[PDB]
Amino acid sequence: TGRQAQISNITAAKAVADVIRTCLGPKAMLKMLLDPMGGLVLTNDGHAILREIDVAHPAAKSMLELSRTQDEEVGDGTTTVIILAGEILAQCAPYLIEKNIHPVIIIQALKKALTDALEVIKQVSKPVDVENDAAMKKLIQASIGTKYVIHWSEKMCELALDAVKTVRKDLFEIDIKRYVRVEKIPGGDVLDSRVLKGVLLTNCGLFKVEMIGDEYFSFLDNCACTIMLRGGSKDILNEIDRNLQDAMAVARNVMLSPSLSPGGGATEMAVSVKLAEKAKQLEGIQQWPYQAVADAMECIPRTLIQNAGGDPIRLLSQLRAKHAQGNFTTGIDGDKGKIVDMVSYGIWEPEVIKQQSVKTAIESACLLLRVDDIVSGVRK
Amino acid sequence: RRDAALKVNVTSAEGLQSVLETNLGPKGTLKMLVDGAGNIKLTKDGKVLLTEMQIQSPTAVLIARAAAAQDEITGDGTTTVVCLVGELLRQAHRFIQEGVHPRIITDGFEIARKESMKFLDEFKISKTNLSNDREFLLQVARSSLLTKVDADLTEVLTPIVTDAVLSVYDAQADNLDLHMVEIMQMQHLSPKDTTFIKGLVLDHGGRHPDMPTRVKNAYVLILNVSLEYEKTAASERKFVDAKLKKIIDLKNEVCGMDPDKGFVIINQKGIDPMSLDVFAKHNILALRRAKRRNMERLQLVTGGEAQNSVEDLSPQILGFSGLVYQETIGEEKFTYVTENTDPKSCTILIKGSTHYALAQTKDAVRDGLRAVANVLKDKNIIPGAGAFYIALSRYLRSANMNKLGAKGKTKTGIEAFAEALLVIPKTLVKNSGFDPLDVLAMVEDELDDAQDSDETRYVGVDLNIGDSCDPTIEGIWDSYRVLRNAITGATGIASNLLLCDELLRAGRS
Amino acid sequence: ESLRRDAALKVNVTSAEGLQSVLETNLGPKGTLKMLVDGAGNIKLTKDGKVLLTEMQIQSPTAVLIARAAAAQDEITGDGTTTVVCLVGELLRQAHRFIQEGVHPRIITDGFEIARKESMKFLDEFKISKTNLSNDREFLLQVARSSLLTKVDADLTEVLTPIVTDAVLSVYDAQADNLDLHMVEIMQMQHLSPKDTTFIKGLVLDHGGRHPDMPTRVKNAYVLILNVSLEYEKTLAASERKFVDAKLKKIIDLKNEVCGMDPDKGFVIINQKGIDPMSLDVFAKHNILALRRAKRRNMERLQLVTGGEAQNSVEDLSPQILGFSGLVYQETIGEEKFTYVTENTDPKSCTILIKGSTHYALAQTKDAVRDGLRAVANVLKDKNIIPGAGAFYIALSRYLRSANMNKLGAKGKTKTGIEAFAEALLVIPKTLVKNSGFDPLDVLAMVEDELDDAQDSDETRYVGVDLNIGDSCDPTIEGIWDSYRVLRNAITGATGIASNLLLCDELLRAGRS
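Protein chains in written order, with UniProt numbering: chain A, 16 to 186, 196 to 225, 350 to 371, 376 to 532; chain B, 14 to 245, 263 to 539; chain C, 11 to 245, 262 to 539.
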């Protein structure tokens, strides 16, 4: 009731965020679930975790719809963004339930925080040309490092980058890439693919019909592109779409935001050290809840340290000093927990990855603060 | 605060290996399963045991589901994979509970995983399968039956499996498990009286007791339309005699001099016993109520062909068999036909007291025939008798500055994997009441003496006398592809428990 | 039916492993402190082994034997008693690795006795010889600092380091004679804060006269020991005053024989019973300090401290009775006055004045000073000083792994017993790193990397453990050192305590009430 009802809502998102802390990165851990029916689900993806679990906390139910929005854009690595919404709720404990800070005052501070965050996003902006196929090849392979299809992606990711550019082009560049039709053929080898430019069913070169147990082959000459995938196993087709069909978000994000940000949770390192410097120039009542947001920003990279088995207190001492002094291009190695910068790490992510992450986090955090209490038993 | 659930989940999971601890090796004892209806089954197969056994801890229930893939991988002695990962988890509690992170130590076993196949690549031994030498074939049968049945049933089923694996073979290494399927299950005599049949056997027979019990040359012909009439009365029986005239004419046309040959009738419907009296003079065998699956296998073995009308008869569609004899057991008459036109498919006649003792032999020869089939398919065989437990553990134990590949805590994971491979050989002698510490002095220390002699020797462990032996002399051998996915798959299955931070109870309400 | 018998497993371990995690937190200088509170509110806060066992109540019967076996550890050492307990706790888990496989408990006991003989062989080469007759304060300040940092904080360490060094050095001589029985002088009082503690070279009296004109700070005085008292009693009244006034002039004449008129020569008296305040006016005119209500124990010590003689009757007076003191100061605190007598010509004993307020603050420094003084007392008795900072425990485990079948020639049965002892040797430096926040295994891994380079360096060196930085160091530069007799009974006592607990496979309950 009142402030006591908001405490249960903070711990509701805190308990869920603590489970997905280990779900980020190539070192991401797994979680096992036990339902009252006796079924067990063991996976490292937080998407199916929030869908199968029915939570008794009404505040945690709002995070289920937020995960559907984050998964609609990318879906890989964006599940852990909910932690940022949970760290802000825990950050208000010295303020909301102690200093009696009004929620709108915190929301107004988040409005200035979201505005200043986009300025920091434009500071780490690193544009790159999309005409180079080799530059775009290593870009889509970023999310592949979490799977064993890495060495298989040589004949896989090349088909996705060529099909999107046909249905993208320009107009701005806004277009519809959903006209592509991907066909999956079970059995065979993953190395076997089909290169087809046209519509699958003037001066046509040739017409032929192959032999396939599923259906036949038909070519339609236009004045649109299709993909025929041959999987290396029976049920592997589910993971193939995650590394190709779901990987189309990388090709969509590079067209909307050609700029590149540090990948593997290395972006918010330069954001947290910069947000603390922008707070000293505010000099107001809202400075304390505004500066405390940087304390919630440094909790996200600690997930890598928890995955790398390091000490987040001692390691971030030198790590935060590199982003606030040397340069903002430095980063954190997630594998071994090392200071190796993102320059030689070879992975960069678009700016929109963190843009949609912070935008949906602030919008979801303020709505949870606007709720005074929760009542039950209405019998609708 | 942290997890702390990992040590609790494995603690309840450690009870699975304690139950299965006595299931390893030929000296182990069989586990019994009983239902509420009175049916009792005694077998060591992990697929049947883990399915019927319901563990209160759900953690061990999901891990037992991963053993279903071990059927094609191994199929015989899958408990080794379960007991190997049991101590593998305990070695992590001496580390992770001390502040070692699970992800750090997991990468240590992932490196030793792939590196174990590189050491196994030079460890395997290749043989020539084209010569079909019975010396190596009888040893592969001993590597299975001894771990399944006793020594009395060993010398029985060994030539049965040996003759079965040689029945299906080719210079092109063409083998089909679906080619040999039917296995006769009968209750009579004792399980030690089972024999190997050289041809297919049918579960149905004729109603005429005076039919010849032994036939030299029998011509098998599948008849579709029933010989006896069904419905539209004196003209109905005249049509049967008209059909019997073609059978008598066909019998005398083929061989008209010496009655050393016979003819077999396969009917889908019943046959009037009054019409069978004519077959007694011509020595013609008849059948009734034959299943479709049984008739389809006769065309590929006996060489016959299904015929609709008996008005058209030719010797081209008639198969032949070299030996045919019948035996009447109880009220069910069976027909034993061997030496057919295409005798590449055989059957195993199994007799015993009840289905309780019959389940032991059925599951033994089913996977035993497939295990020896992998020897002809994959010429690379791995020395058994616990020879690779110490060998693979010794290569990763000595590293220093030559070959290491890891650092820090990841280096300790390789040493923990070497100690995790030694739980199986210590368990083999523990079930027999032997001290594994004294066994290593005569086995593990023996390999160091042979290493200084500039010779490659693989020494096994004899459970009978509790001393060292030779896997080549003893004859214990395992296929390469069997232990390749077993060792690699054990790391992936054990990782599922290593990758689990905590067990949370929640779901659909 | 048979069967029955019993099985040796963690059931018997749960009694002996309970103190492991309890005593693991307070192990080392970074450890914590345990408190003891009664129903009256008195709280005694210390981690010393006295409260850990004897003053600790627990339902585990094993702690009774651990408390009895610690009697030799508290007398000989008294510091770091939790290290031996952690050695047993690690060996208990080694039973499930070994004994659970069918090894008989008697087999692993041979590895403990063999390690004891091999530890002495390694202890002889590992110790460093030092000459204590040179009165070198370099190692005395380092051993004292190593004892204070493991008990008190860094503030109390800087103050008490030179104090403890000069305290034992006063009794120490070229004959290496140090007697702690005659010299104790522990002053229990509440004043200022424990950081204000001071050192006194002589006995301090807890009694003093209430006369306002009694001089406080006096250059020097002649102590006159008198077991009787001369004052006005109820007793006719003039009869007792005649004996007092007659002997009073003899006291004044005694001051004239030593020429008390010289401002550089003072005079003072002491009595066992009370003194009439009317008689104090005579001592005030002559500037004579008076003391009343003196304890029998304090008066007997003044003969060996001041250097005079103990006299009973006032009629007998001689110059040899009066003592000598270089400094005389009297401080008034509360209802009692403390007289500081120091700067004697040849003090036979000294004391450390204790300060504090709360009860737990005094008890924390009460045992720490006596245990710290005993630690440096063994340094003067031991001509060999042992390098500390885990250099002995880490290097001993490597010595056991190098020579196994080459020297000892084990048959393989005792090989597991001698190896299990080496596994527990690294537990003591492992707890030190855990209390410092660093990862226990990663820090010890870097220490072992330097040990491998030291063997190939072909030189004599010792690898230390630094908790602040987390890397290897030099025990000489660090300053952590151990006495020879400290680790002599520690390794010997560790083999006896651990073996007695492993030999018990069954427990029963019966007897007479």
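Yeah, the Cβ is synthetic: ideal placement off N, Cα and C, and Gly gets one too.
Task: beta strand (DSSP E) runs wholly inside the region 345 to 431 of chain C, at least 3 long, in chain order - done: 353 to 359, 362 to 368, 377 to 379, 410 to 413
Open item on the list: Going residue by residue through the region 32 to 89 of chain A, where are the continuous alpha helix (DSSP H) segments of at least 4 residues, counting only ones entirely within it?
Closed with: Segments of the alpha helix (DSSP H) lying fully in the region 32 to 89 of chain A: 61 to 67, 73 to 88.
TODO: Hey, could you find the ends of the beta strand (DSSP E) residue 232 of chain B is sitting in?
DONE: 230 to 236
Open item on the list: Can you tell me where the beta strand (DSSP E) holding residue 205 of chain A begins and where it ends?
Closed with: Counting along the chain, the unbroken beta strand (DSSP E) around residue 205 of chain A starts and ends at 205 to 209.
TODO: Measure the beta-carbon distance from residue 296 of chain C to residue 317 of chain C and round it to whole angstroms, keeping in mind my assumption that it falls under 8 Å.
DONE: 4 Å
TODO: Check each residue of the region 89 to 120 of chain B: if its Cβ is closer than 7 Å to any Cβ of chain C, include it; give the result in chain order.
DONE: Residues passing the 7 Å Cβ filter: 111, 112, 113.
Task: Burial state of residue 491 of chain A, where buried means 16 or more other Cβ atoms lie within 10 Å - done: Exposure of residue 491 of chain A is indicated by the presence of fewer than 16 other C-beta atoms within 10 angstroms of its C-beta.
Open item on the list: Under 8 Å: do the region 349 to 369 of chain C and the region 217 to 234 of chain C share three or more Cβ pairs, one atom per stretch?
Closed with: Yes, they touch.
Open item on the list: Checking 8 Å against the spacing of the C-beta atoms, do residue 313 of chain B and residue 292 of chain B come in under that value?
Closed with: yes
Task: Span of the alpha helix (DSSP H) around residue 523 of chain C - done: Unbroken alpha helix (DSSP H) run through residue 523 of chain C: 510 to 528.
- [ ] Taking only beta-carbon positions, decide if residue 526 of chain B is within less than 8 Å of chain A.
- [x] yes
- [ ] Give me the Cα-Cα distance between residue 101 of chain B and residue 514 of chain B, rounded to the nearest whole angstrom.
- [x] One C-alpha to the other measures close to 18 Å.
Task: Within-8 Å CB hit, residue 497 of chain B to chain C - done: So, not an interface residue.
Task: For residue 132 of chain C and residue 485 of chain C, the rounded distance between their alpha carbons - done: 17 Å
- [ ] Indicate whether at least one CB of chain B lies closer than 8 Å to the CB of residue 67 of chain A.
- [x] yes
Open item on the list: Can you pull the chain B neighbours of residue 475 of chain C, defined as C-beta to C-beta under 7 Å?
Closed with: Chain B residues near residue 475 of chain C: none, gap ~10 Å exceeds 7 Å.
TODO: Could you work out which residue in A/463, A/43, A/24, A/206 is closest to residue 73 of chain A when comparing CA atoms only?
DONE: A/24
- [ ] Give the residues from the region 54 to 75 of chain B that approach chain A closer than 9 Å (Cβ to any Cβ), ordered along the chain.
- [x] Legend: CB atoms of the region 54 to 75 of chain B lying less than 9 Å from CB atoms of chain A belong to residues 71, 72, 74, 75.
- [ ] Report the residue from B/238, B/245, B/277, B/307 whose alpha carbon sits nearest the alpha carbon of residue 336 of chain B.
- [x] B/238
Task: Per-residue DSSP class, three states only, for residue 296 of chain B - done: strand
Open item on the list: Just list the residues that DSSP pairs residue 490 of chain C with in beta bridges.
Closed with: C/499
Open item on the list: Among the candidates B/356, B/289, B/157, B/72, whose CA atom is the shortest distance from the CA of residue 223 of chain B?
Closed with: B/356
Open item on the list: Which runs of the beta strand (DSSP E) at least 3 residues long sit entirely within the region 127 to 202 of chain B? Give them in chain order.
Closed with: 197 to 200, all fully within the region 127 to 202 of chain B.
- [ ] Check whether the Cβ atoms of residue 473 of chain B and residue 178 of chain B lie closer than 8 Å to each other.
- [x] no
TODO: Compare the C-alpha of residue 110 of chain A against each of A/150, A/149, A/497, A/445 and name the closest.
DONE: A/445
Task: Pairwise C-alpha distance: residue 445 of chain C and residue 82 of chain C - done: 27 Å
Open item on the list: Using 8 Å as the threshold, is the C-beta distance between residue 37 of chain C and residue 55 of chain C below it?
Closed with: no
Task: Buried versus exposed, by CB contacts within 10 Å (16 or more), residue 399 of chain C - done: buried
Task: Inter-residue CB distance, residue 248 of chain B and residue 498 of chain B (contact presumed, cutoff 8 Å) - done: As shown, the structure holds no coordinates for residue 248 of chain B; chain B passes over it, running from 245 to 263.
Open item on the list: At the level of alpha carbons, what is the spacing between residue 139 of chain B and residue 450 of chain B?
Closed with: 27 Å
Task: Assigned exposure category for residue 475 of chain A - 16 Cβ within 10 Å defines buried - done: buried
Task: Own chain residues within Cβ distance below 6 Å of residue 218 of chain A, not counting five before or after - done: Counting only Cβ-Cβ distances below 6 Å, and skipping sequence neighbours, we find 380.
TODO: Answer yes or no: does any C-beta atom of chain B fall closer than 8 Å to that of residue 78 of chain A?
DONE: no
Task: Residue closest to residue 149 of chain B, alpha-carbon to alpha-carbon, out of B/506, B/168, B/539, B/512 - done: B/506
TODO: Using three-state DSSP, classify residue 40 of chain B as helix, strand or coil.
DONE: Of the three classes helix, strand and coil, the one that applies to residue 40 of chain B here is coil, per DSSP.
TODO: Give the single residue among A/27, A/60, A/28 whose Cα lies nearest to the Cα of residue 37 of chain A.
DONE: A/60
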